């Protein structure tokens, strides 16, 4: 009934060529939630991104997909959160997670950026504050660390993308439960999900 989230951010690189790359996994969640709740995101240059507002279980949720470079995502998040009086702890940032496999997603409060450019910039622009929530969308990882950038800026193969899309769908269902039943119940459900 009570839950801490006022702003959901889906991290992304802008433009059609990057739309289905792994590094946009967070945006897929916001895109799907907005589609299901009939909200049209508006390009607001003041917030360096696409924005919207929806009501879920009588709770107001703002959404944001930045149009910055991924490594400047914090500009958009800070601009919007500061305008609407939203604290870091009331923000949930959905992002691709190298440390989880395709088909899995997890909620997390706080933590490091894990080398994610978007998360690193968000921490900085929020005043070196790590304590925002994350929705970690597993994308798996390459064999060698020097190939990570090429991997996340790549498109998953079709079967792998099926797994990703299944986790995006369950993530969206659990964000709905978050707003209705709260964080613990949302997390309990999400963390038992594995796409097969």
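Residue numbers count along the first chain shown, from 1.
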Averaged over C-alpha atoms, is the B-factor higher for 34-42 or for 61-69 in this PDB entry? 34-42
Check the entry's C-alpha temperature factors for 110-118 and 85-93, then say which stretch has the higher mean. 110-118
Residue of maximum C-alpha B factor among 50, 55, 29, 137, per deposited coordinates: 55
Going by the recorded CA B-factors, say which third of the chain residue 191 sits in, lowest, middle or highest. highest
Binned into thirds over the chain's modelled residues, the C-alpha B-factor of residue 5 lands in the middle
Split the chain's modelled residues into thirds by Cα B-factor; is residue 174 in the lowest, middle or highest one? lowest
